[PDB]
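Undergrad: Shown below is the structure under consideration.
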Ligand code: NA
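Chains as they are written, first to last, in the entry's author numbering: chain A, 3 to 183, 192 to 215, 224 to 316; chain B, 3 to 183, 192 to 215, 224 to 316.
Below, the structure written as structure tokens:
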């Protein structure tokens, strides 16, 4: 089985009214205006489903599929019976609703892929499909996923899933996976994946980038919110960031950019914290970095 | 026909003593100790050949080949019959010899692929041969090139050229080429190519990065030196830089890096001047960037 990278439950609550600390510590709002808050980009969330009617998520969700044996399986039913999937969605794209929470890409859309059961586990074949499907899907107007995000891991170097990964990347999809806390090694170990480690809000602890992962408030079941801590919680911040990054980079270059170019655009928005490269990769996600260094010479 | 992106021959000097301003402004010397001055890396200079015995170059050249009909073409004779090739080579990697000049990677090795005639031009196929030649080449001890540099352009999108290029990129050779001033479009225009634009030392102006291109002093024929101005002159700074960057990045990450990751390693060493990305790409080559941003938050 491939499964949710373990994390801690901290809180469940019924009410929030805030921009999470991780959304702002990563400098998303500083770039919202120039990025149109991620409009025109879709993130394929590969996870346990989503609460499709959550007040924070409903106007941001556009489709989803269920690749699981849960609920039949009715492919049309990609409700969350775990909760983790809904939490991810929130960090990526919760809307400015005048309350609850707000995501890194508050104007991007979500395509929900349930490839995990309620128990947070999934057959690997489902993950391979999830990746392939997200690549091949186009919305009714021509729209497509440039971003995949998962916070799952598996002990196994499975050729079929490595293939899906190579397939996504050669078709221009950024593949974001949370670093296994080997047991959770794949698909994050794969050279072509963007692997994301975690730090806390004090910026304390094979990855490319680190983002916030301790005490991350997001949406949760029954139209509520939960606070979760762990590695799995850093990945959705980067998935969101890419929505923003793709928009601004392509607008600046006035040109389409490849998966390769897009990756370089992400990692140049990573400020090293002073930890080692194995600990932090290229550093912490600072979305305004380019603008801070523009003009700055010796 | 493909030819050298046109340049002004501003001057012919015959003796020097100095690190060139292009080499310092790019901040190569700040990164010299940690990159070990480029040792271990080999750059395939695809050009007009090189004065093999240049006092500044001889110790840096481990081999070459002549894929042209000049000199026979005796494939063993890669001597320069133009001057440009010797110039490139000096910027990429002239030696610290306490006179003449010194290159961006003064301890990197040079393989000299002469695929252009004394007249600055070459049959498209020669360039394709030359790309495929540098990728496949193995040393006496199993050395290979990770870096390809050229300053040429042709009007024609020929697939044999593009495939050659894709083939260096899937084998993790970085391919570096100058963005000419539609007649010099190829191969610079190719997505997988690192296209280098030019600025002057005042940082005044489909590209990736910009580097110095005006009044560039380097090695010339007859053991001398010359100063040239033009787009073609910025590329070598970048290919030099790569030798440097591969060593310091592979050292920090404790691991081989792919050509995609190396790419990212280059563009996060580019500071933007404050043009649009269209005009300047990712910014001006600044090797010391990561050091200076380490530790630096809102
Ligand atoms: Na010298």
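Cβ atoms here follow ideal geometry from the backbone N, Cα and C, with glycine treated the same way.
How would you list, in chain order, the residues of chain B whose beta-carbon sits under 7 Å from the beta-carbon of residue 271 of chain A?
TA: Under the 7 Å cutoff, chain B gives 295 and 296.
Undergrad: Less than 8 Å between CB atoms is the rule here; does residue 95 of chain B satisfy it with respect to chain A?
TA: So, not an interface residue.
Undergrad: For the segment 75-93 of chain A, list every residue whose C-beta sits within 7 Å of some C-beta in chain B, in sequence order.
TA: Listed in sequence order: no entries.
Undergrad: When we look at the beta-carbon of residue 8 of chain B and count the other beta-carbons within 10 Å, is it buried (16 or more) or exposed?
TA: So residue 8 of chain B counts as exposed.
Undergrad: Using 8 Å as the threshold, is the C-beta distance between residue 189 of chain B and residue 197 of chain B below it?
TA: Coordinates for residue 189 of chain B are absent; the numbering of chain B skips from 183 straight to 192.
Undergrad: Between which residues of its own chain and residue 70 of chain B is the CB-CB distance below 8 Å, once the five residues before and five after are set aside?
TA: Here the set comprises 116, 117, 118, 119, 124 and 128.
Undergrad: Beta-carbon within less than 7 Å of residue 264 of chain A's beta-carbon, same chain only, minus the 5 sequence neighbours each way: which residues are those?
TA: The residues are 43, 148 and 280.
Undergrad: Is the shortest distance between the beta-carbon of residue 193 of chain B and the beta-carbons of chain A less than 8 Å?
TA: Residue 193 of chain B does not count as touching chain A.
Undergrad: Since residue 214 of chain B meets chain A, which of its residues come closer than 9 Å, beta carbon to beta carbon?
TA: Result: empty, since nearest Cβ-Cβ is about 13 Å, beyond 9 Å.
Undergrad: Mind checking residue 35 of chain B: buried by the 16 CB within 10 Å criterion, or exposed?
TA: Answer is exposed; the Cβ neighbour count stays below 16.
Undergrad: Checking the sheet assignment: what are the DSSP bridge partners for residue 303 of chain B?
TA: DSSP output for residue 303 of chain B lists B:288 as bridge partner(s).
Undergrad: Buried or exposed: residue 152 of chain A, going by 16 or more other Cβ atoms within 10 Å of its Cβ?
TA: With 16 or more Cβ atoms within 10 Å of its Cβ, residue 152 of chain A is classed as buried.
Undergrad: In whole angstroms, give me the CA-to-CA distance for residue 87 of chain A and residue 45 of chain A.
TA: Cα to Cα, residue 87 of chain A sits roughly 13 Å from residue 45 of chain A.
Undergrad: Can you give me the Cβ contacts of residue 253 of chain B inside the same chain, cut-off strictly under 7 Å, excluding the 5 residues immediately before and after it?
TA: Closer than 7 Å at the Cβ level, and outside the excluded window around residue 253 of chain B, lie 151, 153, 178, 179, 180 and 206.
Undergrad: Please tell me whether residue 308 of chain A has its Cβ less than 8 Å away from any Cβ of chain B.
TA: Taking Cβ atoms only, chain B reaches closer than 8 Å to residue 308 of chain A, which makes this a yes.
Undergrad: Here's a check: name, in chain order, each residue in its chain whose Cβ is nearer than 7 Å to the Cβ of residue 276 of chain A, leaving out the five neighbours to either side.
TA: Answer for residue 276 of chain A: 174, listed in chain order.
Undergrad: What residues match up with residue 143 of chain B in a beta bridge as DSSP calls it?
TA: Paired residue(s): none; residue 143 of chain B is not in a bridge.
Undergrad: With ligand 1 as the reference, list in chain order each residue whose Cβ lies under 7 Å from any of its heavy atoms.
TA: Result (chain order): B:58, B:96, B:97, B:98, B:99, B:100, B:101, B:102, B:103 and B:104.
Undergrad: Considering only the beta carbon of each residue, do residue 91 of chain B and residue 108 of chain B sit closer than 8 Å?
TA: It is not a contact, given that the beta carbons lie outside the stated cut-off.
Undergrad: With a threshold of 8 Å between beta carbons, is residue 311 of chain B in contact with chain A?
TA: Chain A, which has a Cβ nearer than 8 Å to the Cβ of residue 311 of chain B, makes this yes.
Undergrad: What residue range does the beta strand (DSSP E) around residue 116 of chain A cover?
TA: 111-116 is the span of the beta strand (DSSP E), which, as asked, contains residue 116 of chain A.
Undergrad: Using the three-state DSSP reduction, which class does residue 133 of chain B fall into: helix, strand or coil?
TA: Residue 133 of chain B: helix per DSSP, three-state reduction.
Undergrad: Assuming the contact rule is C-beta atoms closer than 8 Å, residue 260 of chain A and residue 284 of chain A should be a hit. Round their C-beta distance to whole Å, please.
TA: About 6 Å separates the two Cβ atoms, so the contact holds.
Undergrad: How big is the Cα-Cα spacing for residue 293 of chain B and residue 132 of chain B?
TA: Using only the alpha carbons, I get a separation of about 35 Å.
Undergrad: Going by alpha carbons, who is nearest to residue 111 of chain A out of A:135, A:58 and A:232?
TA: When each option's Cα is compared against that of residue 111 of chain A, the closest is A:58.
Undergrad: Could you spell out the range, first to last residue, of the alpha helix (DSSP H) harbouring residue 167 of chain B?
TA: It spans 161-172 - the alpha helix (DSSP H) in which residue 167 of chain B sits, taken as one unbroken run.
Undergrad: What residues in the segment 128-140 of chain B have a beta carbon less than 8 Å from any beta carbon of chain A?
TA: So nothing in the stretch comes that close.
Undergrad: Distance check for residue 183 of chain B and residue 297 of chain B, CA to CA, integer angstroms please.
TA: Each residue's alpha carbon lies about 13 Å from the other.
Undergrad: Helix, strand or coil for residue 59 of chain A? Go by DSSP, reduced to three states.
TA: Looking at residue 59 of chain A - three-state DSSP - the assignment turns out to be coil, as it is neither helix nor strand.
Undergrad: At 7 Å on the CB atoms, spell out the chain B contacts of residue 31 of chain A, in chain order.
TA: Near residue 31 of chain A there are no residues of chain B at all, since even the closest Cβ is about 12 Å away, more than 7 Å.
Undergrad: Who does residue 245 of chain B pair with in a DSSP beta bridge?
TA: In DSSP, residue 245 of chain B forms a bridge with B:13 and B:235.
Undergrad: Taking just the CA atoms, how far does residue 155 of chain A sit from residue 93 of chain A?
TA: Going by the C-alpha atoms only, they are around 20 Å apart.
Undergrad: Is it right to say residue 273 of chain B is buried, meaning 16 or more other beta carbons lie within 10 angstroms of its own, or is it exposed?
TA: Exposed is the call here.
Undergrad: So which of A:37, A:89 and A:51 has the shortest CA-CA distance to residue 77 of chain A?
TA: When each option's Cα is compared against that of residue 77 of chain A, the closest is A:51.
Undergrad: Of the residues B:168, B:301 and B:244, which one's Cα is nearest the Cα of residue 134 of chain B?
TA: Ranking the options by Cα distance to residue 134 of chain B, first place goes to B:168.
Undergrad: I want to verify the contact list: residues of chain A whose CB lies under 7 Å from the CB of residue 292 of chain B, in sequence order.
TA: Residues of chain A passing the Cβ test: 312 and 313.
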